[PDB]
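Consider the single chain below, provided in structure tokens and representing the form deposited in one PDB entry.
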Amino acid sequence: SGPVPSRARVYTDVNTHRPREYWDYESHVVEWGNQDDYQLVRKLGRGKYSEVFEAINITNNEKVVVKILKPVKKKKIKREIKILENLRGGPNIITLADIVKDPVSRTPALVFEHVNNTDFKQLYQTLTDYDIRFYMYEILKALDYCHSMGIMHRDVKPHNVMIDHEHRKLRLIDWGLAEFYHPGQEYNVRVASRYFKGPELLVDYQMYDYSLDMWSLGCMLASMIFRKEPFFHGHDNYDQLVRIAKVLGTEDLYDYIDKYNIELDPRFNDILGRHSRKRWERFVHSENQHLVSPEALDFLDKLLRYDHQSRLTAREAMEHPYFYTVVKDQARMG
């Protein structure tokens, strides 16, 4: 007896009514820019499948970021490209400025707009209550947009949210794990960073959807308002679910498992133990209380739910009273 099927309760059939070309990334034909337009300046970091450089566009002296892709399935590169082109211009979505390659070796690279980021390990220490509300709202705009365009990000975490704080400018980056949502599809659960993996991933429930990103977002919120990063700190994927259970409680976890007829690894129920659901107020201390409000705790509570169908959508989240003062500020006459 296998697990009960599931489908997204929003944007379920966005890709269904799109032209095949929209989601059939395998058939996408890349339009290549010119490699010689860019000069590498400094290495910023290294992914498992890429190397990331600060660069300059020499035709206009603008800073950019160049991500050189290591040898990998072309299918994976084409998926990231198609997704970035589909979402280009969307609110707080990183802009893919160009796609280039060594014309002889064919080694390809993605070129992005530059964000003058403050590393989150430094920045979050200094964020005010209003700053958190504001940037959470910006992330929600990006997620509602990509979800409405039929795409799951699947790697929401502080490292993938670039913030130029003095310009109050936020971009959601690294779309390398993102995928098109098709109802009934069984997806790879090996996505997202350990600390931001939703319960569905940790229990190997493959028929997940956009709501995975809302779990990850709730993990970020908790880490910001409680000044504990990451909030759920497991030592491996099994222990990650234990850390969640110690806060959300084991009864609601086993209710979730039961509802979807999920078969848990035998090892789990010995390490999961029995835990009451904790009040979110328990994590409020003198040092973080200026970032916590009844509205913050109510909002967080509505994101961090075992049942993916029970989590707020990005659109529902933007309606929450937590964002009242932010929404007025955004109401811009310009």
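The term rigid core refers to the maximal set of C-alpha atoms that superpose within 1.5 Å between the two forms. Numbers for residues come from their place in the sequence shown, where the first is 1.
The form deposited in another entry is left out here; the points below concern that form.
- Of the candidates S193, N117, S148, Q185, the Cα that moves 2 angstroms or more after core superposition between this form and the one not shown belongs to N117 alone.
- Put the two forms on the same core and the Cα of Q289 is off by less than 2 Å between this form and the one not shown.
- Remark: with the core as the superposition reference, the CA shift of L44 between this form and the one not shown reaches 2 Å or more.
- Relative to the superposed rigid core, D298 undergoes a CA displacement smaller than 2 Å between this form and the one not shown.
- In that other deposited form, the CA atoms of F120 and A314 sit closer together than in the displayed form, by at least 3 angstroms.
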